[PDB]
Amino acid sequence: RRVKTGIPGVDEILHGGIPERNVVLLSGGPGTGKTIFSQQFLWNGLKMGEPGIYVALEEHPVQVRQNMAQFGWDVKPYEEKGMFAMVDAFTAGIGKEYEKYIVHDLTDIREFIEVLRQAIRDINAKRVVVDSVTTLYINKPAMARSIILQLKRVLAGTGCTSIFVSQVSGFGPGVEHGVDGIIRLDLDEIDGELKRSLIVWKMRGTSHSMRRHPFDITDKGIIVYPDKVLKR
Amino acid sequence: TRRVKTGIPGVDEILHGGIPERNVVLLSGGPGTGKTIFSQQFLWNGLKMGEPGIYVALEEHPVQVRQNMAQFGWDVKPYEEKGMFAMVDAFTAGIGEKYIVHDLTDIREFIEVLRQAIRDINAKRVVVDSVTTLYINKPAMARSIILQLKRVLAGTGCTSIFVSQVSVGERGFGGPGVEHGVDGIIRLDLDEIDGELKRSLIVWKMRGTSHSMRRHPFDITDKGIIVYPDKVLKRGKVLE
Amino acid sequence: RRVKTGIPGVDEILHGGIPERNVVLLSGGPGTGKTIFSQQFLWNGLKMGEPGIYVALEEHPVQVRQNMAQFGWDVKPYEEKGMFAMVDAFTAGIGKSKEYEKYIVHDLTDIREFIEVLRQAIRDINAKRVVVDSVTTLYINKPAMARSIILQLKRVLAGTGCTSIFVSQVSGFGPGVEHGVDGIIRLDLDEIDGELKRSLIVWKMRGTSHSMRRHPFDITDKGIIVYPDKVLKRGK
Amino acid sequence: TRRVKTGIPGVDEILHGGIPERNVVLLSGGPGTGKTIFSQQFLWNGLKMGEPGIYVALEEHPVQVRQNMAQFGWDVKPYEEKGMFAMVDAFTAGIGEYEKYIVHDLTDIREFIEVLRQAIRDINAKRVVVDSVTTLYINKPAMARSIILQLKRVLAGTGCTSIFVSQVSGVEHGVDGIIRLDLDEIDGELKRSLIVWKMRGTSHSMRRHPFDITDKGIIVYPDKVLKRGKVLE
Amino acid sequence: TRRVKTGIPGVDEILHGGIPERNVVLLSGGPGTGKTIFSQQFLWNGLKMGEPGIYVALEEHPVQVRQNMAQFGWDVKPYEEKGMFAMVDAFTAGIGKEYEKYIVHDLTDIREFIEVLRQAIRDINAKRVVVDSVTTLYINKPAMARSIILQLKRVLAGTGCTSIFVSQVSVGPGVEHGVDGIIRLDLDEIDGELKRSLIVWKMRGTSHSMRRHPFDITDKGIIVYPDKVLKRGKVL
Amino acid sequence: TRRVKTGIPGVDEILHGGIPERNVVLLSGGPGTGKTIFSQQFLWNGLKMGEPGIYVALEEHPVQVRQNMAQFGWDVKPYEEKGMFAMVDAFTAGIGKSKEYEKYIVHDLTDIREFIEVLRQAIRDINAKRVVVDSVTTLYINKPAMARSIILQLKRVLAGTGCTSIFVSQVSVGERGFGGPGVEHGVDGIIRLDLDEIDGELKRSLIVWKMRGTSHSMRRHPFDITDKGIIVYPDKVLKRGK
Ligand SMILES: Nc1ncnc2c1ncn2[C@@H]1O[C@H](COP(=O)(O)OP(=O)(O)O)[C@@H](O)[C@H]1O
Ligand SMILES: Nc1ncnc2c1ncn2[C@@H]1O[C@H](COP(=O)(O)OP(=O)(O)O)[C@@H](O)[C@H]1O
Ligand SMILES: Nc1ncnc2c1ncn2[C@@H]1O[C@H](COP(=O)(O)OP(=O)(O)O)[C@@H](O)[C@H]1O
Ligand SMILES: Nc1ncnc2c1ncn2[C@@H]1O[C@H](COP(=O)(O)OP(=O)(O)O)[C@@H](O)[C@H]1O
Ligand SMILES: Nc1ncnc2c1ncn2[C@@H]1O[C@H](COP(=O)(O)OP(=O)(O)O)[C@@H](O)[C@H]1O
Ligand SMILES: Nc1ncnc2c1ncn2[C@@H]1O[C@H](COP(=O)(O)OP(=O)(O)O)[C@@H](O)[C@H]1O
C-alpha cells in the first residue's frame, strides 16, 4: 500500500504515495518549504483519520501550532482527541510550561527514542515528522549514520511512515544512504526570479516521476505540478 | 498577519505588506552592501511611527552610530530623551552608556541587558549589528545563540533584524543553522557586472507571507536606501 | 572463466561477464540502484547453481529478504538448502542484539571477526558469489584503514574462489580503494533537461576488455535492465 | 564632511572628491598589484600638501622603503628631518642599525599602538599607512577583527586618515573603505584595474577602472572601464 | 645519451629514442588507466632484450603478479630461474602477516625496503626496475614522500638501474619534482565514451613529444599511437 | 639601477634591461617547466660576464648538478677552481646524515641558521654576485608558517651582500599561485614558467608577474628548452584562453 500525502501533485509523483514504513528524507536549503510541506503531510494525515506526531527541534510546540494554524490547520482539537502529538526536543537545546512529551537531553539518542515510542503508543501514530533530524548530529557528524538508522528501525517497527527534514547549507554522511526515500525541494534564481521545484531522487519500494517539477507555496500550503517540468 | 512597516521605499511592497510581526529577519550580505544603513532606516521609520526601537551595536561604539545616523537625517537624541530609543553597547567589550554588555563570553549578560532595554522603552523594533560577531569564532554556538535571542525577542513582542556579515564572493547567508533559525532572510548584494557594481535586494525567505520572488535593484542615497519594486535585475536593469 | 551476472545487458558489456575471483566495486550515490543490481547478481547466480552470500551492513537480513521478495526473488528456499546465506553485519552497528541469525558479526570495530563469519559462511554453502553492501560502512569512520580492509577481504574471497561485488556509497569511487579492487562499475543518476537519467559505465575490469561506453538502464519491477546497444553521451 | 586628496591621478575623482577624513581604507590585492607604490604615493602627495605622514613598515626595513620611494622621485629625507614624515619599524621584530620608531614585540598590538601614538603625536600626522596590516595577524586570524577595530579607533581618535595594505594570495567589514587593486591576464596580457568596493561617507564610481604604474607612480583612468577583458570608453 | 627501450609500440618514438638511462619515471594515473600493464610490459620487453628486471609489488602478492603477466603472454618463470628477473614482495607486510626469495617484512620505514631492493639488484645485475606502487610507501605519511622518492632514486641510479615508479592518483608536493620523468596515463569520458591517453609531461635528458596521444590496451599489452593526438577527441 | 643581465635569450629584453640589482626573484611553476635549467643558465651567463655565482642545491647533489649543467655545454669545473663559482650542498641533509666530500655543506635544515651561516661563508670565499636557491620550497614545505620569515631572512642576507638571486619555487601541476602566503609577497620579483595543454599540445610560456624596481613586459611569451638552454621570444605572445 501507500500513504497519501494529500499534497496536490505529490502522490501522483510518487505513483500513489509513500510506501509504508518508509522514512523519507526531505532535504533543501532555508526557505524551500520543507516545514510547510511536512506539516501539510501530517495535517492531511489527520483529515484522513491517520494519527500524526510532529517532533520539533527547531521551534517550540506553541510556535508550531501557530504556524500551522495560519494555514488553516488547527491541531488543537485533534490533540485533545488523542490523534496528534507534538514532541518538544527543542527547549532542550536552548535552555529550559510543560508538554505531554519532552526530551530533556539530546546528548544521547536514548531519551529521544524513549519519548518517541510513548507518543506513538498514546495515539497509535501512523505518520511522523522529525523537524529537524540534522539538529541531532550537526556537531557530531560521525554519529549521524547510527542515529538515522536507529530512528528508522523504531519508526518502521511501529508501522510509521516518516519525513526526516534535512537542513542543507548534497542531501545531508550515510544519512542520504540510510533513508528509504529522498525528496529535494529547491529554490533557484533563474533569469532574476526565484523558482521553486521538487524532485524525487530516491524512493525505496516504488517507481516514481524522474522529472523536476515546479511548485508554489500558497495560503493553503504547497501545490506541485506533475504535468510540468522546470529546467534549471 | 499584522505587518511591521519598514518604511524603506519599495521594501514593504516587496514584502506584500511588511515584516510579519515578531519575525526575526536575517539581513545578509558582504561588505559595503548597505546592511547597516538599511537596519537603521528600519529603526528610524519605526520611531516616526511611535514604535520604540533598539540598536545593539557590536561593530561601532554607540557614539559613532548616533553620529552616522544623524548624517542621514536620523537624529535619535530627541527620542532617547523620551525613552523611545536605546543603544546597547556590546562593542566596547569586543576590544577592551546606559546599556552596556561587559562580557560576551556567554550570551547570558547580552540577554539580561537586551531584556532590560526592551521593557525600559517598551521596544517594538530591535536591530543587532551584527549577530555574526557573537559567534564568528564560535561557529558551533551560532544555532543556540540565534534561537535563544529569537525566543527572547518574539516573546517580548519585538520584530527584529539580525545583520549577518558574510565575506565577499560567498553566496552564503551566514552558515549552518543560522539561515535555518531565522524567520526571514533578505539578501543585499553588490555584484560586478560588465565592469560595474550593481546593488540588488532579494527576499529569500519570509515566514508568514508571500513576497516578491524577483531580484530588485536599489540605490543608497543621502536619505537612505530606496528599492525599486517595479524593476528587476537580469544581468541588467529592466522594467517590470 | 566468466561469472555471468545474468542482468540484461551487463554480461555483453563485460564481454562475457565478470572474470572469476574478481572483486568488483559497484559505486554510486544514493538511489542509483546498487543494492538491486547486486541482489539481482546473487539471484541469477542461485538460478544457475552458484551459491551466494549477501553481507548486510545497511539493513537487517530480515528486511533484505523482504525487499528481494518484492522483486520476485525469494531466497528462503535456497537458504534452507544451503545455497544462500545472509550475514548480519548490521545490528552491531545500531545496538540491538535481540534476535537469532545464523551468521552475525557482533563487533565491526575489527575486520578480524568479520572475516571469520565470512569464511564460515563461504565454507558452509561453498559460496561462489559474494556481495558486501556496503564495504564503505567498514571504514567510513576509518579511511586510513580502507586500503588494508579492501585487500584483506580481497585475499579471503579470491582465495576461496569467490567472485564479489563491493557496494561503495558515494555522497570519484571511494583513499586507495578504487585502486585495490579488480574492477569498477559506476551507477549514475544525472539530471538532464529536467529529468533524471540512469546510466552505467565500466571504468575498470582487470582480466578482460569491456564496453568503453556509458549505457542507459532502467530499474523495473523485475529488477535492472541495461541497454548495450544504447549510449548516453549527454542528453540523449 | 572633509576630504583627503590622495593626489593620485584619477583616484580622487573616483572617490567623488577624495577619502572622507578619518576613514581607514583597506587597499587589498595580490602581489605586485601596486599596493605599496599606491600607499606611498598617498603619503607623498600628502607631504607635498602640508600633511605629515607616517609609514608603518612591516614588510621591508624603513631604510629600503626610503630607497623605493626615492626611486619614484619621492625623497622623504627633507621631510623626515623637518619632522613632517616618520617611518615606523615593525619589520625587524618579525624576522630577526638605528631607527627612531621601532616595535620590538609583535606578539600583540599594545606596543605597536604605543609606538604609533608616539609617531603621530610627534609629527601631528594626518596620514598613516600600515604595510601591511595582514602581517599583524597572519598566524592569528581570530585576532584580525579586534586588531583592525583597535587600530581604526586609535587612528580616527587622533584625526588621521589611513590606508591599511592587505596582502591576498570581519576585517573587510571593520574598515571604512575598500579599494581593490587587481592584475588579470586577458588574451596573453596582464591588465591592471582598480575598483572601490566600499567607502563609508560618500558616493563613488561603481566601475572597474584600468591603471598604469609608471616611473612617477600610479595613474588611474576614471573615464575608462575594464569590462570583458577590454578597455572601453 | 644511452636510451632504455620500453618496447611498447609508439612509446620509444614519443620519447625520441626511449628513456634516458638511469632515469626514474613516475607513471601517474587514476584507477584502471593501464599503469600496471604498462610497467610490466616495460620489464617484459626488457628481458627479451637481455636486460634483467625487478618488479617490487606492494599492491598484489608476487604470486598473482606472475599469473597476470602470463595472462598477457609474459611468463617470467623462465627468466627468474636464470637469475634475470626478480619479484620483490613488499605487499604481504602491508596487510599484516609463504617463502619468497625477496621479501620486505617491515614497511614502517624504507631502510629494509632499500636493503632487499639492493640485494635483488645485485643478484640479477638488474637494469630495469618497477615499483608498484610507490604511493603505498607514504600514502598515510605525505610528509615523508619527498625523502623516500629521493632516496630510492639515489639508490637505483647509483646501481645503474632505470626505473618506473607507479603513482596512484584518485581523481585530479616534492614527488613530481623529485623524479626525472613523468608519464601520465589518463582515462577520460567524452560524449558517453571512455578514451585512454598518454602524455609525457617531463623527461629529463631529452626532448619528447609534447602532445597527448591516445592508446589502447589489448590482449598483448599497450599500443600507443604517435600519429594521433587528443585535442579533445581522437584527431590526426 | 644597474641591471643584472641574465643572458638568457629574450629575457633581459622582457625585463627592460634585466634584473634590478639585489632583487630576489621567485621563479615558480609546476614540474617540467624548466626552472632548474633557467636558474643554471643564469649562473652560467653570470660567469661569462665575469660574475661569480652560487648554486644552493636542495633537490640534487652538487655532483649530479654539475653532471647536469655539463650536459648543456656548461662546465663549471674551471670556475670552481678559480673561485669564481661555488656550489652548496643542502641536499644530503634532507635525506640522511651521510658523509661525503663538498667544500660547502649544510648539515642541519631544521633551522635556517646554519644555512645562512654556510651561505654567507660561501658568498665570502668567492665574489658571489649571483645566487640560486633550488628549491627554496624544500626549506619550509612541511612548516608553511615559517616560509615568510625564512624568505625575508634569506632576502636580507643576499641583498646585504650585493647579490642578485633566484629562488626556485615548486608548485604542484595545476596549482595557480606561486608558493602561497608568505613567499609571493616577500620576494621582489616573480617570474612564472608555465607548461599548459592547449589543443592537445603542451606549450611552454613565461610571464613576469612582478618585478620591483622596473617596468617590464606584461605579456605571456612562448619559449623553448634546447640542448643549449632556454630561448624566450619577446616578439611572440601565447594566448592560453585565460
Ligand atoms: N501565504 C503565503 N503565500 C506564498 N508563500 C508563502 C506564504 N506563506 C509562507 N510562504 C513561503 O513559505 C516560505 C517558508 O517555508 P518553510 O517551509 O518554512 O521554509 P523551510 O524550508 O526553511 O522550512 C517563506 O519563505 C515564504 O516564501
Ligand atoms: N552619501 C552617500 N551617497 C551614496 N552612497 C553612499 C553614501 N553614503 C554611503 N554610501 C554607500 O553606502 C555603503 C556602506 O553601506 P553599509 O551599510 O555601511 O555597508 P555594510 O553592509 O558593510 O554595513 C558605502 O560603501 C557607500 O558606497
Ligand atoms: N518497482 C519499481 N519500479 C521501478 N523502479 C523502482 C522500483 N522499485 C524501486 N525502484 C527504484 O529503485 C531505487 C532504489 O534502488 P537502490 O539500489 O535501493 O538504491 P541505492 O543505490 O541507494 O542502493 C528507487 O529510488 C526507485 O527509483
Ligand atoms: N618604474 C616603473 N615603471 C613601470 N612599472 C613599475 C616601475 N617600478 C615598478 N613597477 C611595477 O610595480 C610593481 C610592484 O608594485 P608594488 O606596489 O610593489 O606591488 P604590491 O602590490 O605587491 O605591493 C612591479 O611588479 C612593476 O610591474
Ligand atoms: N585483454 C584485455 N583487452 C583489453 N583491455 C584489457 C584487457 N585486459 C585488461 N584490460 C584493461 O586494462 C585495465 C586495467 O589496467 P591496469 O594497469 O591494471 O590499471 P591500473 O592503472 O589501475 O594499474 C582494465 O580496466 C581493462 O579495461
Ligand atoms: N635536450 C633537450 N631538448 C629539448 N628539451 C629538453 C632537453 N633536455 C631537457 N629538455 C626538457 O627540459 C625539461 C625539464 O626542465 P627542468 O628545469 O628540469 O624542469 P623543472 O621546472 O621541474 O626543474 C624536460 O621535461 C624536457 O622536456
# chains A, B, ... in the order shown; residues from 1 in each chain; ligands from 1
>>> interface_residues(of="chain B", to="chain D", cutoff="7 Å", atoms="only C-alpha atoms", output="ChimeraX atom specification")
/B:31-32,94-95,137,194-197
>>> write_last_selection(atoms="N, CA, C and O atoms", output="JSON list (two decimals), in the first residue's frame")
[["chain", "number", "residue", "atom", "x", "y", "z"],
["B", 31, "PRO", "N", 30.59, 42.96, 2.54],
["B", 31, "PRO", "CA", 30.91, 44.32, 2.98],
["B", 31, "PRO", "C", 30.48, 45.39, 2.00],
["B", 31, "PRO", "O", 30.62, 45.23, 0.79],
["B", 32, "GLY", "N", 29.95, 46.48, 2.55],
["B", 32, "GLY", "CA", 29.54, 47.60, 1.73],
["B", 32, "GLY", "C", 28.28, 47.40, 0.92],
["B", 32, "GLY", "O", 28.11, 48.07, -0.10],
["B", 94, "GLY", "N", 34.22, 43.99, 23.01],
["B", 94, "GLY", "CA", 34.88, 43.27, 21.95],
["B", 94, "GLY", "C", 36.34, 43.62, 21.80],
["B", 94, "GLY", "O", 37.15, 42.79, 21.37],
["B", 95, "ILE", "N", 36.70, 44.86, 22.15],
["B", 95, "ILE", "CA", 38.09, 45.30, 22.03],
["B", 95, "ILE", "C", 38.59, 46.01, 23.28],
["B", 95, "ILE", "O", 39.24, 47.06, 23.19],
["B", 137, "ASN", "N", 33.82, 33.27, 15.98],
["B", 137, "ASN", "CA", 34.91, 32.42, 16.42],
["B", 137, "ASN", "C", 34.37, 31.30, 17.31],
["B", 137, "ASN", "O", 35.07, 30.69, 18.11],
["B", 194, "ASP", "N", 29.84, 43.41, -15.98],
["B", 194, "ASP", "CA", 30.42, 44.21, -17.06],
["B", 194, "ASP", "C", 31.14, 45.46, -16.55],
["B", 194, "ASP", "O", 30.81, 46.59, -16.92],
["B", 195, "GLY", "N", 32.13, 45.24, -15.68],
["B", 195, "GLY", "CA", 32.91, 46.33, -15.13],
["B", 195, "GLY", "C", 32.16, 47.32, -14.26],
["B", 195, "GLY", "O", 32.68, 48.40, -13.97],
["B", 196, "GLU", "N", 30.96, 46.96, -13.81],
["B", 196, "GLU", "CA", 30.15, 47.83, -12.97],
["B", 196, "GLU", "C", 29.50, 47.11, -11.79],
["B", 196, "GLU", "O", 28.89, 46.04, -11.96],
["B", 197, "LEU", "N", 29.61, 47.69, -10.60],
["B", 197, "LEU", "CA", 28.99, 47.11, -9.41],
["B", 197, "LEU", "C", 27.53, 47.55, -9.36],
["B", 197, "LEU", "O", 27.23, 48.73, -9.47]]
>>> residues_near_ligand(ligand="ligand 5", cutoff="7 Å", atoms="only C-alpha atoms and all ligand atoms", output="CSV table (one decimal) with N, CA, C and O atoms, in the first residue's frame")
chain,number,residue,atom,x,y,z
C,179,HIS,N,41.8,1.7,-6.1
C,179,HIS,CA,43.0,1.1,-6.7
C,179,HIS,C,43.1,-0.4,-6.3
C,179,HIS,O,43.6,-1.2,-7.0
C,183,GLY,N,37.9,-4.5,-10.3
C,183,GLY,CA,37.0,-3.8,-11.3
C,183,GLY,C,36.2,-2.7,-10.7
C,183,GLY,O,36.2,-2.6,-9.4
C,203,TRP,N,34.3,1.3,-15.6
C,203,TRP,CA,35.5,2.1,-15.5
C,203,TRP,C,36.8,1.2,-15.5
C,203,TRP,O,37.8,1.5,-16.1
C,204,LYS,N,36.7,0.1,-14.8
C,204,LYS,CA,37.8,-0.8,-14.7
C,204,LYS,C,37.3,-2.3,-14.6
C,204,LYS,O,36.2,-2.5,-14.1
C,205,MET,N,38.1,-3.2,-15.1
C,205,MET,CA,37.8,-4.6,-15.1
C,205,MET,C,39.0,-5.4,-15.4
C,205,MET,O,39.2,-5.7,-16.6
C,206,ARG,N,39.8,-5.7,-14.4
C,206,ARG,CA,41.1,-6.5,-14.7
C,206,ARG,C,40.6,-7.8,-15.2
C,206,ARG,O,39.6,-8.4,-14.8
C,207,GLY,N,41.4,-8.3,-16.2
C,207,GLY,CA,41.0,-9.6,-16.7
C,207,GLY,C,40.3,-9.7,-18.1
C,207,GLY,O,40.2,-10.7,-18.7
C,208,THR,N,39.8,-8.5,-18.5
C,208,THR,CA,39.1,-8.5,-19.8
C,208,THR,C,38.9,-7.2,-20.4
C,208,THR,O,39.0,-6.1,-19.8
C,209,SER,N,38.5,-7.2,-21.7
C,209,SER,CA,38.2,-6.0,-22.4
C,209,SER,C,36.7,-5.8,-22.1
C,209,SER,O,36.1,-6.7,-21.5
C,210,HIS,N,36.2,-4.6,-22.3
C,210,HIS,CA,34.8,-4.3,-22.0
C,210,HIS,C,34.3,-3.0,-22.7
C,210,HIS,O,35.1,-2.3,-23.2
E,29,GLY,N,48.6,8.1,-12.7
E,29,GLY,CA,47.2,8.0,-13.3
E,29,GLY,C,46.2,7.4,-12.3
E,29,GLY,O,46.5,6.8,-11.3
E,30,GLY,N,44.9,7.7,-12.6
E,30,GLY,CA,43.8,7.2,-11.8
E,30,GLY,C,43.7,5.6,-12.0
E,30,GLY,O,44.4,5.0,-12.7
E,31,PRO,N,42.7,5.0,-11.3
E,31,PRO,CA,42.4,3.6,-11.3
E,31,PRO,C,42.1,3.2,-12.8
E,31,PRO,O,41.4,3.9,-13.5
E,32,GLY,N,42.5,2.0,-13.1
E,32,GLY,CA,42.3,1.4,-14.4
E,32,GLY,C,42.8,2.2,-15.6
E,32,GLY,O,42.2,2.1,-16.7
E,33,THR,N,43.9,2.9,-15.5
E,33,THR,CA,44.4,3.7,-16.6
E,33,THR,C,45.6,2.9,-17.4
E,33,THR,O,46.1,3.4,-18.3
E,34,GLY,N,45.9,1.7,-16.9
E,34,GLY,CA,46.9,0.9,-17.5
E,34,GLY,C,48.3,1.0,-17.0
E,34,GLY,O,49.3,0.7,-17.7
E,35,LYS,N,48.5,1.5,-15.8
E,35,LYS,CA,49.8,1.7,-15.2
E,35,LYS,C,50.5,0.4,-14.9
E,35,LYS,O,51.7,0.2,-15.2
E,36,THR,N,49.8,-0.6,-14.3
E,36,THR,CA,50.4,-1.9,-14.0
E,36,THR,C,50.9,-2.6,-15.3
E,36,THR,O,52.0,-3.1,-15.4
E,37,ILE,N,50.0,-2.7,-16.3
E,37,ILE,CA,50.3,-3.3,-17.6
E,37,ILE,C,51.4,-2.7,-18.3
E,37,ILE,O,52.4,-3.3,-18.7
E,38,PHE,N,51.4,-1.3,-18.3
E,38,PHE,CA,52.5,-0.6,-18.9
E,38,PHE,C,53.8,-0.9,-18.3
E,38,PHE,O,54.8,-1.2,-19.0
E,217,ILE,N,44.6,-0.7,-24.9
E,217,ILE,CA,45.1,-1.9,-24.1
E,217,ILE,C,44.5,-3.1,-24.8
E,217,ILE,O,43.3,-3.1,-25.0
E,218,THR,N,45.4,-4.0,-25.2
E,218,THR,CA,44.9,-5.2,-25.9
E,218,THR,C,45.3,-6.4,-25.1
E,218,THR,O,45.7,-6.4,-23.9
E,219,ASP,N,45.1,-7.6,-25.7
E,219,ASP,CA,45.5,-8.9,-25.1
E,219,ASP,C,47.0,-9.0,-25.1
E,219,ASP,O,47.5,-9.9,-24.3
>>> interface_residues(of="chain B", to="chain A", cutoff="6 Å", atoms="only C-alpha atoms", output="list in words")
residues 144, 148, 176, 180, 205, 213, 214, 215, 233 and 234 of chain B
>>> write_last_selection(atoms="N, CA, C and O atoms", output="PDB file, in the first residue's frame")
ATOM      1  N   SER B 144      22.295  27.922  18.782  1.00  0.00           N
ATOM      2  CA  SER B 144      21.647  28.206  20.055  1.00  0.00           C
ATOM      3  C   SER B 144      21.574  29.699  20.327  1.00  0.00           C
ATOM      4  O   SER B 144      20.610  30.177  20.922  1.00  0.00           O
ATOM      5  N   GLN B 148      18.041  31.408  20.891  1.00  0.00           N
ATOM      6  CA  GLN B 148      17.751  31.992  22.194  1.00  0.00           C
ATOM      7  C   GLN B 148      17.342  33.460  22.041  1.00  0.00           C
ATOM      8  O   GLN B 148      16.386  33.903  22.655  1.00  0.00           O
ATOM      9  N   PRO B 176      25.531  27.231   8.769  1.00  0.00           N
ATOM     10  CA  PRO B 176      24.677  26.169   9.305  1.00  0.00           C
ATOM     11  C   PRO B 176      23.789  26.569  10.476  1.00  0.00           C
ATOM     12  O   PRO B 176      24.256  27.120  11.478  1.00  0.00           O
ATOM     13  N   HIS B 180      18.785  28.808   8.930  1.00  0.00           N
ATOM     14  CA  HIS B 180      17.631  27.945   9.157  1.00  0.00           C
ATOM     15  C   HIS B 180      16.822  28.435  10.361  1.00  0.00           C
ATOM     16  O   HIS B 180      15.600  28.303  10.394  1.00  0.00           O
ATOM     17  N   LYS B 205      13.591  34.430   2.005  1.00  0.00           N
ATOM     18  CA  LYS B 205      12.691  33.758   2.921  1.00  0.00           C
ATOM     19  C   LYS B 205      11.966  34.743   3.820  1.00  0.00           C
ATOM     20  O   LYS B 205      12.529  35.759   4.247  1.00  0.00           O
ATOM     21  N   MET B 213       9.485  37.380  -5.642  1.00  0.00           N
ATOM     22  CA  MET B 213      10.486  36.344  -5.832  1.00  0.00           C
ATOM     23  C   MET B 213      11.530  36.854  -6.821  1.00  0.00           C
ATOM     24  O   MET B 213      12.346  36.086  -7.330  1.00  0.00           O
ATOM     25  N   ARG B 214      11.511  38.158  -7.074  1.00  0.00           N
ATOM     26  CA  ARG B 214      12.439  38.756  -8.026  1.00  0.00           C
ATOM     27  C   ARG B 214      13.578  39.514  -7.344  1.00  0.00           C
ATOM     28  O   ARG B 214      13.470  39.924  -6.188  1.00  0.00           O
ATOM     29  N   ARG B 215      14.673  39.691  -8.075  1.00  0.00           N
ATOM     30  CA  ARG B 215      15.822  40.430  -7.566  1.00  0.00           C
ATOM     31  C   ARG B 215      15.639  41.891  -7.975  1.00  0.00           C
ATOM     32  O   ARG B 215      15.676  42.222  -9.163  1.00  0.00           O
ATOM     33  N   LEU B 233      16.559  42.808 -11.917  1.00  0.00           N
ATOM     34  CA  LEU B 233      17.910  42.686 -12.424  1.00  0.00           C
ATOM     35  C   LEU B 233      18.089  41.313 -13.066  1.00  0.00           C
ATOM     36  O   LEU B 233      17.974  40.289 -12.401  1.00  0.00           O
ATOM     37  N   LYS B 234      18.319  41.311 -14.374  1.00  0.00           N
ATOM     38  CA  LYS B 234      18.570  40.097 -15.145  1.00  0.00           C
ATOM     39  C   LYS B 234      19.822  40.500 -15.911  1.00  0.00           C
ATOM     40  O   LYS B 234      19.727  40.922 -17.065  1.00  0.00           O
TER      41      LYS B 234
END
>>> select_by_dssp(residues="region 148-235 of chain B", states="strand (DSSP E)", output="PyMOL selection string")
chain B and resi 159-165+184-193+196-206+216-221+224-227+231-233
>>> write_last_selection(atoms="C-alpha atoms", output="compact mmCIF listing (two decimals), in the first residue's frame")
# COMPACT_ATOMS: atom_id res chain seq x y z
CA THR B 159 10.14 42.41 15.40
CA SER B 160 13.85 42.28 14.61
CA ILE B 161 16.63 42.40 12.07
CA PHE B 162 19.84 40.39 12.57
CA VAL B 163 22.62 41.79 10.41
CA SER B 164 24.72 38.89 9.11
CA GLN B 165 28.24 39.57 7.81
CA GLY B 184 13.18 35.61 7.19
CA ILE B 185 16.18 36.24 5.02
CA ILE B 186 16.78 39.37 2.99
CA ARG B 187 19.99 39.38 1.00
CA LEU B 188 21.62 42.62 -0.12
CA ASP B 189 24.04 42.06 -2.99
CA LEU B 190 26.75 44.05 -4.75
CA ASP B 191 27.73 42.28 -7.95
CA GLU B 192 30.22 43.29 -10.62
CA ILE B 193 28.52 43.01 -13.99
CA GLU B 196 30.15 47.83 -12.97
CA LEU B 197 28.99 47.11 -9.41
CA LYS B 198 25.21 46.88 -9.14
CA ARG B 199 23.23 46.71 -5.91
CA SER B 200 20.22 44.42 -5.60
CA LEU B 201 17.97 43.02 -2.89
CA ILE B 202 16.18 39.69 -2.79
CA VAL B 203 13.78 38.20 -0.25
CA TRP B 204 14.97 34.62 0.03
CA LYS B 205 12.69 33.76 2.92
CA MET B 206 9.92 35.27 4.99
CA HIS B 216 15.23 44.18 -7.28
CA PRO B 217 17.87 46.85 -7.79
CA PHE B 218 18.37 49.58 -5.19
CA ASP B 219 20.44 52.67 -4.54
CA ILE B 220 21.94 54.03 -1.34
CA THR B 221 21.35 57.77 -1.10
CA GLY B 224 18.95 56.22 2.92
CA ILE B 225 18.02 53.24 0.78
CA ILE B 226 15.41 53.10 -1.98
CA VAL B 227 14.41 49.78 -3.53
CA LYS B 231 12.44 46.91 -11.79
CA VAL B 232 14.28 43.59 -11.90
CA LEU B 233 17.91 42.69 -12.42
>>> select_by_dssp(residues="region 8-215 of chain C", states="alpha helix (DSSP H)", output="VMD selection string")
chain C and resid 10 to 13 34 to 47 61 to 69 76 to 80 91 to 94 111 to 125 146 to 159 177 to 180
>>> residues_near_ligand(ligand="ligand 6", cutoff="7 Å", atoms="only C-alpha atoms and all ligand atoms", output="list in words")
residues 177, 181, 201, 202, 203, 204, 205, 206, 207 and 208 of chain E; 29, 30, 31, 32, 33, 34, 35, 36, 37, 38, 225, 226 and 227 of chain F
>>> write_last_selection(atoms="C-alpha atoms", output="short mmCIF file (atom, residue, chain, number, x, y, z; two decimals), in the first residue's frame")
data_model
loop_
_atom_site.label_atom_id
_atom_site.label_comp_id
_atom_site.auth_asym_id
_atom_site.auth_seq_id
_atom_site.Cartn_x
_atom_site.Cartn_y
_atom_site.Cartn_z
CA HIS E 177 59.63 17.44 -8.74
CA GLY E 181 60.43 11.97 -15.85
CA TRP E 201 54.85 15.84 -19.08
CA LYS E 202 58.52 15.62 -18.25
CA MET E 203 61.56 13.58 -19.20
CA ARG E 204 64.92 14.88 -18.07
CA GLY E 205 67.75 14.31 -20.51
CA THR E 206 65.81 14.53 -23.76
CA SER E 207 63.26 16.19 -25.98
CA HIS E 208 59.99 14.32 -26.46
CA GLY F 29 55.95 26.78 -11.79
CA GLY F 30 55.00 23.12 -11.85
CA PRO F 31 57.28 20.16 -12.62
CA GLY F 32 58.93 20.01 -16.05
CA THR F 33 58.64 23.75 -16.71
CA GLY F 34 62.37 24.45 -16.93
CA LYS F 35 63.07 26.24 -13.63
CA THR F 36 66.28 24.36 -12.81
CA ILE F 37 67.57 24.81 -16.37
CA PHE F 38 66.63 28.51 -16.29
CA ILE F 225 64.18 24.46 -23.95
CA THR F 226 67.06 23.35 -26.19
CA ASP F 227 70.32 21.42 -25.83
#
>>> closest_residue(among="D:91, D:42, D:112, D:72", to="ligand 4", atoms="only C-alpha atoms and all ligand atoms")
D:72
>>> interface_residues(of="chain A", to="chain C", cutoff="9 Å", atoms="only C-alpha atoms", output="PyMOL selection string")
chain A and resi 142+146-147+149-150+170-174+176-178+180-182+201-207+209-213+229-232
>>> residues_near_ligand(ligand="ligand 4", cutoff="6 Å", atoms="only C-alpha atoms and all ligand atoms", output="list in words")
residues 31, 32, 33, 34, 35, 36, 37, 213, 214 and 215 of chain D; 185, 210, 211, 212, 213, 214 and 215 of chain F
>>> residues_around(residues="region 12-19 of chain F", least_positions_apart="5", cutoff="9 Å", atoms="only C-alpha atoms", output="PyMOL selection string")
chain F and resi 2-7+25+164+189+207-208+211+213-219+221+232-234
>>> atom_distance(atom1="CA of residue 9 (chain E)", atom2="CA of residue 121 (chain E)")
26.9 Å
